[PDB]
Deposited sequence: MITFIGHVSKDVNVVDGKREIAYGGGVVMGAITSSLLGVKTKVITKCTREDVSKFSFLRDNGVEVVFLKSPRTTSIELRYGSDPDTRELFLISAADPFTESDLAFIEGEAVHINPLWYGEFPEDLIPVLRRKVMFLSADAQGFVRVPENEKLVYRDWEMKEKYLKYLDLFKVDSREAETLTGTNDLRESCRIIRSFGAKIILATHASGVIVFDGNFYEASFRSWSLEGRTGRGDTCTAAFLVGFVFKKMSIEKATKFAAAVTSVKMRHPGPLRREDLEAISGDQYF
């Protein structure tokens, strides 16, 4: 069983003159991927009671959701990203009822998931991962700006896996060489780096494993990193795939998700399986 901890988000996308509302977030994209791939999945999130109905589709995809109360729901408009509203941060109290083999920390903004909750979770679970977005994307007068993670060298040592994209990796290392940024971030003590970039995934554990995304679509990109991380965690943690095979599996799942907007769909499983997995 896996638990995703993170804010659901009212995503506002202004693309090609059209304003789109998406009820998403890292945890929505990751949890639907793990659940559809047949791993018992739980989400711990915060939003207003009024906004809970906007995220009902999580339960439709088999995800057990703890909708903790918040006076506000997180809302992000996207190019510059603005935190319109922020739900309440997670607390040590929220970790009390943590269940399963794995927990993935998938925050949207620095301060949503306090870094000093990482050593608390470390003691509670066998496989702990986090998404860099929640530690390098910092609200400054609403504007979400990229800032280095000052305490990365203390907390990365507690993580079995750390997810970055190109912009997050460069924020953490000062280089736009994603492979070199993988070497630098692993030297901070994270056992596995999973990096997504234009049309591919790079996984580093001391050795590099690369797989390309073979599909993409106008609005298929958002959540593809969250999807890739969840697919890798299912492959590697739950299905006992080699790091190499989990990387290829992760890329295959992400590719099918990138054919359409929103999270992985049950109808995507046929395309993903390739008459091999399920």
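Sequence range 79 to 86 alone has no coordinates in this entry (deposited sequence, numbered from 1, C-alpha basis).
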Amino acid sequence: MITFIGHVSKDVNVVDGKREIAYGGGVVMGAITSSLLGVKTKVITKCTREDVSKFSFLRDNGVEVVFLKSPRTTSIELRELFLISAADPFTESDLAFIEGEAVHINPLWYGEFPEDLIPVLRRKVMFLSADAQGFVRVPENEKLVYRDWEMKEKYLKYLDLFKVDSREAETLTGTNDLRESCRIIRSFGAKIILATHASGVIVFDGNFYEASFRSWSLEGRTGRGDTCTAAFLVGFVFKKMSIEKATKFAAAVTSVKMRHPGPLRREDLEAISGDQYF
From here on, numbers count along this sequence of modelled residues.
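Mean C-alpha B-factor is higher over 9 to 17 than over the other stretch, the pair under comparison being 9 to 17 and 262 to 270. Averaged over Cα atoms, the B-factor as recorded in the entry is higher for 64 to 72 than for the other of 64 to 72 and 26 to 34. For the set 43, 52, 234, 243, the maximum C-alpha B-factor listed in the entry falls on 52. Note on 116, 140, 92, 160: the highest value goes to 140, judged by CA B factor as recorded.
In the deposited entry, the Cα temperature factor of residue 56 sits in the top third of values across the chain's modelled residues. Per-chain ranking of the deposited C-alpha B factor places residue 110 in the middle third. Residue 77: CA B factor in the highest third of modelled residues in this chain (values from the PDB entry). Ranked by Cα temperature factor within the chain, residue 131 sits in the lowest third according to the deposited record. The deposited CA B-factor of residue 205 belongs to the middle third of values across its chain.
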